[PDB]
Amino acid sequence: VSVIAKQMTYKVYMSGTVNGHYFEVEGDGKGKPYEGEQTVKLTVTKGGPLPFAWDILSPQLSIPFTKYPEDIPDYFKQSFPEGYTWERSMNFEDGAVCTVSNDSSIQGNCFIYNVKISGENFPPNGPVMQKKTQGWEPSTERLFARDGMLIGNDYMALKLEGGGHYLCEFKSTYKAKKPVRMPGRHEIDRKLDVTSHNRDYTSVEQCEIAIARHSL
C-alpha cells in the first residue's frame, strides 16, 4: 500500500485531563504494518506521576499497524499520506466516561499521532484512581462502514488486583481524510500488553498485535 513501508516508525503526542488531572505523554514507536506488530516507548512529559491507572491511556497510544488479509480493504493504510482522524468513547461499568480524539498524519516512514483525552467521573476510590488495574484482556473490535467512515464496537475488560475485571464499552468512529475503497463488516483481534515500566509509570513500554479478519 505504497506510502506505507514494511517497517515504519511513529511519534505520538498525547495530552488531556483525567478527573481534573492534566498531563502530557510523548512516545516513539516502531512496527511492521503488514504484520500487525507494534511496539512504543512512552514518557510522561507533563503532570507525572499520573494519579490514575496507566491502562486507561494504553489503547489511545496506532491503527495502520493492523494486519489486513488481501481480500479486506485496509481503510487505515489507504488513507495515507493524507491520514485520518477518529473519535472514541470509553464507557466503564462504574459510570466513568472517557472521550478520546485523534488526528493522524505521516512524515516519510514515520506516522505522527496527536491524541487528546478527557476522563471524567472515575470514583475516587475506584480501581482506576486507586491504581488497581493490571492490563487489558485481549479483545475483538467489530467494524462496519457508514457514510465513508468506519464504526467500531468493542467490549473490553481490565484485569484487577486480587482477581476479577473491570468492564468497559468502546465505541469508535474512524474518518479518513479522503475517499478510500470501503471494506465490509469485519473485525480486529488484538492483544495489548505493557511490557516494561518504571516504578511510578512515568516511563512505559507497550506492545500490540492487531489482526483483521472476516466477521461471522
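Numbering starts at 1 and runs along the sequence shown.
Chemist: Between residues given as residue 61 and residue 62, how many of the deposited sequence are not built: none, 1 to 3, 4 to 9, or 10 or more?
Modeler: Gap between residue 61 and residue 62: 1 to 3 residues without coordinates.
Chemist: Looking at the deposited entry, does 196 to 204 or 5 to 13 carry the larger mean Cα B-factor?
Modeler: If you average the C-alpha B-factors of 196 to 204 and of 5 to 13, the larger mean comes out for 196 to 204.
Chemist: If you average the Cα B factors in the entry, which is higher, 137 to 145 or 121 to 129?
Modeler: It is 121 to 129.
Chemist: When the CA B-factors of 41, 30, 165, 186 are compared as recorded in the entry, which is the largest?
Modeler: Highest CA B-factor of the listed options: 165.
Chemist: Among the modelled residues of this chain, does the Cα B factor of residue 209 put it in the lowest, middle or highest third?
Modeler: Middle third.
Chemist: So where's residue 56 on the chain's Cα temperature factor ranking, which third?
Modeler: Tercile = lowest for this residue's CA B-factor.
Chemist: Relative to the other modelled residues of the same chain, rank the CA B-factor of residue 178 and answer lowest, middle or highest third.
Modeler: Its C-alpha B-factor, which the entry lists for residue 178, ranks in the highest third among residues of this chain.
Chemist: For residue 71, return the chain-relative third of its C-alpha B-factor as stated in the PDB record: lowest, middle or highest.
Modeler: As the PDB entry reports it, the C-alpha B-factor of residue 71 lands in the highest third of its chain.
Chemist: Going by the recorded CA B-factors, say which third of the chain residue 159 sits in, lowest, middle or highest.
Modeler: It falls in the top third of the chain.
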